[PDB]
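Everything below concerns the one structure shown next.
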Amino acid sequence: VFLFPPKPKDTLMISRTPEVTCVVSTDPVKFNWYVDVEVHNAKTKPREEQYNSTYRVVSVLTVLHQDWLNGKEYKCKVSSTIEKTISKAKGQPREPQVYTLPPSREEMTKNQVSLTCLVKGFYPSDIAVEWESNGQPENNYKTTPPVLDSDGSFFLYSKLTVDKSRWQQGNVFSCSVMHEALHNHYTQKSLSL
Amino acid sequence: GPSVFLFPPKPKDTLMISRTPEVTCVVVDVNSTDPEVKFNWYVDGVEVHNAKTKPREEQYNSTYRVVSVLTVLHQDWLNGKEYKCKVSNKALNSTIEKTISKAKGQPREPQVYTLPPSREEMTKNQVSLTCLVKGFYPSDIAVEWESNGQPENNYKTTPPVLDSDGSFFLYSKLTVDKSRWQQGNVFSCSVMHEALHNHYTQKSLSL
Ligand SMILES: *[C@@H]1O[C@H](CO)[C@@H](O[C@@H]2O[C@H](CO)[C@@H](O[C@@H]3O[C@H](CO[C@H]4O[C@H](CO)[C@@H](O)[C@H](O)[C@@H]4O[C@@H]4O[C@H](CO)[C@@H](O[C@@H]5O[C@H](CO)[C@H](O)[C@H](O)[C@H]5O)[C@H](O)[C@H]4NC(C)=O)[C@@H](O)[C@H](O[C@H]4O[C@H](CO)[C@@H](O)[C@H](O)[C@@H]4O)[C@@H]3O)[C@H](O)[C@H]2NC(C)=O)[C@H](O)[C@H]1NC(C)=O
Ligand SMILES: *[C@@H]1O[C@H](CO)[C@@H](O[C@@H]2O[C@H](CO)[C@@H](O[C@@H]3O[C@H](CO[C@H]4O[C@H](CO)[C@@H](O)[C@H](O)[C@@H]4O[C@@H]4O[C@H](CO)[C@@H](O[C@@H]5O[C@H](CO)[C@H](O)[C@H](O)[C@H]5O)[C@H](O)[C@H]4NC(C)=O)[C@@H](O)[C@H](O[C@H]4O[C@H](CO)[C@@H](O)[C@H](O)[C@@H]4O)[C@@H]3O)[C@H](O)[C@H]2NC(C)=O)[C@H](O)[C@H]1NC(C)=O
Ligand SMILES: *[C@@H]1O[C@H](CO[C@@H]2O[C@@H](C)[C@@H](O)[C@@H](O)[C@@H]2O)[C@@H](O[C@@H]2O[C@H](CO)[C@@H](O[C@@H]3O[C@H](CO[C@H]4O[C@H](CO)[C@@H](O)[C@H](O)[C@@H]4O)[C@@H](O)[C@H](O[C@H]4O[C@H](CO)[C@@H](O)[C@H](O)[C@@H]4O)[C@@H]3O)[C@H](O)[C@H]2NC(C)=O)[C@H](O)[C@H]1NC(C)=O
Ligand SMILES: *[C@@H]1O[C@H](CO)[C@@H](O)[C@H](O)[C@H]1NC(C)=O
């Protein structure tokens, strides 16, 4: 039995649907879901198997945004019985600082440049970062996991890669960050030559 | 029954002829009745006999733990030789074995770029000096920070991250007082990786 938390972007906008996932040979399992009180609205995927001939029943509970965000605990009961609990990390959320950073002058000799988004000082570590230009999203980026900082908050970097030609010619790129301590759960910093 | 775990040398260890890379094999959950165990060590499938095995040590959960350390030739490791630890118990005839080696694939040289703090970050007492290391393979790597010779130990570094082209990148953030930066001090980022010349390069940074 293993209990996973919902995706960051899904809890931070009322339009998404956040979601707790409980993931688990000859005689398979009843799921019970209490929320710090039994709940009945979880859906359950049928048993799919693997190379090792074990079943893998996944169950999915749909959680309320403020429930998950206000710290409510989520209990998965997979039957005797075995348990597992999760909730949001405890503690005063902290607002992230978002800085864009142009490519190194030593990188300008490559045919592709790195645009950097440093996100600093947020808590808890749940966060989504994205990249845009001209309103359309940018595919070619990669974001590092949150890394605990000497001060108990978190940072990460996100690296967007573009042809040098798009950067040289003045195109504007934006780093979009979603975190609960941000006003409207969202901020963006733009970058350009 | 019992479990075996096998741990690689540290990146820094294999990259400097002066250090001592070691592979460590650990047996846990050895039943405390008749707890006589054996280690056998294989490099590329051929047995070797230079490992150094500690006495078994009783743990606080009614089980015994035994640890066996094999010293490794630097170039053996970076050449991808395979290290097998076989662990046998004399009472039950069965055995457990694990295999470790450097990640397979063609090594790729890291690029290192220093990025100064952002202008908006200058309104704070703490500024972040960034070191982007990218395009390297495998992901074993050591990064460090210096200023004016001495070590600068207020930094964090990210796990290697797999990039679109099969290489890895990481960032390393050194945090310093805005005054030290503005007074013009050079700070240096140090990178050790097997695909660097002398397994070592160093980029500097300043106002
Ligand atoms: C037979 O073989 C099968 C298949 O190999 C075995 O199943 C495996 O069992 C392992 C346990 O023995 C288990 O290992 C644990 O893994 C977790 C981490 O799991 C995540 O990451 C794995 C990669 O490391 C993935 O394989 C997992 O599937 C899982 O991925 C995440 O899964 C989430 C659940 O859905 C999903 O989140 C949801 O996403 C949706 C949208 O998709 C919604 O938004 C929803 O709201 C979300 O909740 C994520 O997207 C998904 N992400 C990724 C990147 O995959 C690991 O933490 C755990 O560690 C425990 O123990 C260690 C001890 O050191 C400790 O460090 C931890 O703290 C923790 O206590 C285990 O290592 C395998 O993951 C699992 N394989 C699966 C499930 O595919 C069977 O076990 C075998 N037979 C038997 C008898 O066991
Ligand atoms: C009874 O009590 C015993 C005693 O504790 C229990 O033993 C534990 O069992 C655990 C599982 O059964 C096992 O967990 C695995 O852990 C590894 C990582 O462990 C390392 O890091 C831990 C801290 O998080 C330590 O507790 C561990 O001791 C271990 O430390 C590493 O030790 C290495 C060898 O000494 C060392 O390498 C050397 O280091 C020197 C310098 O010290 C040199 O550099 C040299 O060159 C190196 O060779 C490492 O540095 C050191 N690491 C650190 C961070 O300090 C984990 O990876 C592993 O994960 C498995 O499972 C997951 C999924 O679950 C999977 O994804 C993995 O791929 C892998 O399959 C295990 O989780 C513990 O290690 C172990 N504890 C000890 C102390 O041995 C029993 O379990 C108990 N039994 C009962 C029944 O209760
Ligand atoms: C650590 O290892 C210990 C030693 O392990 C043994 O030796 C190794 C080399 C392996 O072969 C291993 O497989 C061996 O077990 C281990 O200790 C052993 O533990 C098991 C159970 O854990 C014990 O087995 C049980 O023995 C009892 C006692 O039997 C005596 O009493 C009856 C009278 O009541 C006599 O008539 C007998 O002839 C014996 O002299 C049994 O009663 C019991 O049977 C029960 O279960 C069966 C079904 O399985 C039912 O039909 C019965 O009605 C009973 O309800 C078990 O067979 C074993 O005796 C014990 N031996 C020693 C020397 O320690 C220890 O468990 C290991 N520890 C860990 C944490 O793994
Ligand atoms: C233990 O099993 C192996 C493989 O079956 C066998 O070669 C070995 O001889 C056995 N041990 C003894 C003492 O015979």
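Going through the structure tokens in order, the chains are called A, B, and so on, while each chain numbers its residues from 1 and the ligands are numbered from 1 in the order shown.
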
> Using the chain letters and numbers from this document, which residues of range 5-167 of chain A does DSSP assign to alpha helix (DSSP H), as a PyMOL selection string?
Replying inline: chain A and resi 8-12+65-69+164-167

> Taking only C-alpha atoms into account, which residues of chain A are within 10 Å of chain B, as an MDAnalysis selection string?
Replying inline: chainID A and resid 97:107 114 116 118 120 140:150 155:159 161

Just N, CA and C atoms for this one: save the residues we selected as a compact mmCIF listing (two decimals), in the first residue's frame.
# COMPACT_ATOMS: atom_id res chain seq x y z
N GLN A 97 10.39 33.56 -4.12
CA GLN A 97 10.99 34.61 -4.92
C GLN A 97 11.38 33.99 -6.25
N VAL A 98 11.04 34.68 -7.33
CA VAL A 98 11.18 34.17 -8.69
C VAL A 98 12.08 35.12 -9.46
N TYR A 99 13.25 34.63 -9.88
CA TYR A 99 14.23 35.43 -10.61
C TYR A 99 14.56 34.76 -11.93
N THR A 100 14.50 35.52 -13.01
CA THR A 100 14.96 34.97 -14.26
C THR A 100 16.41 35.37 -14.46
N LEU A 101 17.13 34.52 -15.16
CA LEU A 101 18.57 34.67 -15.29
C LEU A 101 18.94 34.38 -16.73
N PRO A 102 19.54 35.32 -17.44
CA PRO A 102 19.88 35.10 -18.85
C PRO A 102 20.99 34.08 -19.00
N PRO A 103 21.25 33.61 -20.22
CA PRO A 103 22.37 32.69 -20.43
C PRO A 103 23.71 33.36 -20.25
N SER A 104 24.66 32.56 -19.78
CA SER A 104 26.05 32.97 -19.63
C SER A 104 26.63 33.47 -20.95
N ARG A 105 27.47 34.51 -20.88
CA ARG A 105 28.13 34.98 -22.10
C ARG A 105 29.01 33.90 -22.70
N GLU A 106 29.51 32.98 -21.86
CA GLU A 106 30.26 31.85 -22.37
C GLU A 106 29.37 30.81 -23.04
N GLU A 107 28.06 30.83 -22.78
CA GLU A 107 27.17 29.91 -23.48
C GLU A 107 26.80 30.40 -24.87
N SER A 114 20.68 28.60 -22.56
CA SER A 114 19.93 28.22 -21.36
C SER A 114 19.38 29.47 -20.69
N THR A 116 17.33 30.59 -17.40
CA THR A 116 17.24 30.00 -16.08
C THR A 116 16.16 30.69 -15.28
N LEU A 118 15.32 30.80 -11.43
CA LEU A 118 15.60 30.45 -10.04
C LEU A 118 14.37 30.78 -9.22
N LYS A 120 13.19 30.51 -5.25
CA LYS A 120 13.86 30.54 -3.96
C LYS A 120 12.84 30.73 -2.84
N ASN A 140 10.62 22.77 -24.52
CA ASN A 140 11.97 22.30 -24.23
C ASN A 140 12.50 22.85 -22.90
N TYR A 141 11.86 22.46 -21.80
CA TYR A 141 12.40 22.82 -20.49
C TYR A 141 12.39 21.63 -19.54
N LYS A 142 13.16 21.78 -18.46
CA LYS A 142 13.33 20.77 -17.43
C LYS A 142 13.47 21.46 -16.09
N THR A 143 12.81 20.93 -15.07
CA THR A 143 12.80 21.54 -13.76
C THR A 143 13.39 20.55 -12.76
N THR A 144 14.27 21.05 -11.90
CA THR A 144 14.90 20.25 -10.86
C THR A 144 13.90 20.04 -9.73
N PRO A 145 14.03 18.95 -8.98
CA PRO A 145 13.17 18.77 -7.80
C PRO A 145 13.39 19.92 -6.83
N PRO A 146 12.48 20.13 -5.87
CA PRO A 146 12.80 21.06 -4.79
C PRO A 146 13.99 20.53 -4.00
N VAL A 147 14.85 21.45 -3.59
CA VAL A 147 16.01 21.15 -2.77
C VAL A 147 15.91 21.95 -1.49
N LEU A 148 15.99 21.26 -0.35
CA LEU A 148 15.88 21.91 0.94
C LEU A 148 17.02 22.90 1.11
N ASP A 149 16.71 24.07 1.64
CA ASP A 149 17.72 25.10 1.81
C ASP A 149 18.18 25.16 3.27
N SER A 150 19.37 25.72 3.48
CA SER A 150 19.90 25.82 4.83
C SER A 150 18.90 26.44 5.82
N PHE A 155 14.18 25.67 -2.69
CA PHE A 155 14.47 26.29 -3.96
C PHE A 155 14.47 25.21 -5.03
N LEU A 156 14.40 25.66 -6.27
CA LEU A 156 14.61 24.79 -7.41
C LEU A 156 15.14 25.68 -8.51
N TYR A 157 15.56 25.07 -9.60
CA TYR A 157 15.81 25.81 -10.81
C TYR A 157 14.97 25.18 -11.91
N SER A 158 14.59 26.01 -12.89
CA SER A 158 14.00 25.50 -14.11
C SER A 158 14.84 26.04 -15.25
N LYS A 159 15.14 25.19 -16.23
CA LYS A 159 16.02 25.53 -17.34
C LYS A 159 15.26 25.36 -18.65
N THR A 161 15.45 25.71 -22.76
CA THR A 161 16.45 25.69 -23.81
C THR A 161 15.86 26.17 -25.13

> What do you get as a PyMOL selection string if you pick all residues at most 6 Å from ligand 1, counting only C-alpha atoms and all ligand atoms?
Replying inline: chain A and resi 4-7+18-21+50+52+54

> What residues have any atom no more than 8 Å from ligand 3 when counting only C-alpha atoms and all ligand atoms, and can you list them as a list in words?
Replying inline: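 So the residues close to ligand 3 are residues 1, 31, 32, 33, 34, 62, 63, 91 and 92 of chain B.
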
> Within 10 Å of ligand 2, counting only C-alpha atoms and all ligand atoms, which protein or nucleic acid residues do you find, written as a PyMOL selection string?
Replying inline: chain B and resi 1-14+19-31+57-72

> Using only C-alpha atoms and all ligand atoms, what are the residues with an atom within 10 Å of ligand 4, set out as number ranges by chain?
Replying inline: B: 88, 90-95

> Restricting the calculation to only C-alpha atoms, which member of B:105, B:124, B:129, B:39 is positioned closest to residue 87 in chain B?
Replying inline: B:39

> Can you list, as an MDAnalysis selection string, every protein, DNA or RNA residue that comes within 10 Å of residue 139 in chain A when you count only C-alpha atoms, leaving out same-chain residues fewer than 2 positions away?
Replying inline: chainID A and resid 130:132 136:137 141:142 160:162

>> Let's see if you can do this: from backbone DSSP, list all strand (DSSP E or B) residues in range 25-193 of chain B, as a PyMOL selection string.
In response: chain B and resi 25-31+37-43+46-48+52-53+57-58+63-71+83-89+95-100+108+111-115+126-137+142-147+150-151+155-157+161-162+168-177+187-192

>> Residues near residue 85 in chain A, anyone? I mean within 12 Å using only C-alpha atoms, not counting same-chain ones fewer than 4 positions away, as a PyMOL selection string.
In response: chain A and resi 1-5+20-22+33-36+72-78

> Mind pulling up the distance from CA of residue 176 in chain A to CA of residue 138 in chain A?
Replying inline: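 Atom-to-atom, CA of residue 138 in chain A to CA of residue 176 in chain A, that is 11.1 Å.
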
>> Env of residue 43 in chain A: 7 Å cut, atoms = only C-alpha atoms, seq-sep filter 2 positions within chain, self excluded. Answer as JSON, numbers by chain.
In response: {"A": [41, 45, 59, 60, 61]}

>> With only C-alpha atoms as the counted atoms, please give the residues lying no more than 10 Å from residue 66 in chain A, apart from itself and same-chain residues fewer than 5 positions off, as a PyMOL selection string.
In response: chain A and resi 11-12+14+71-72
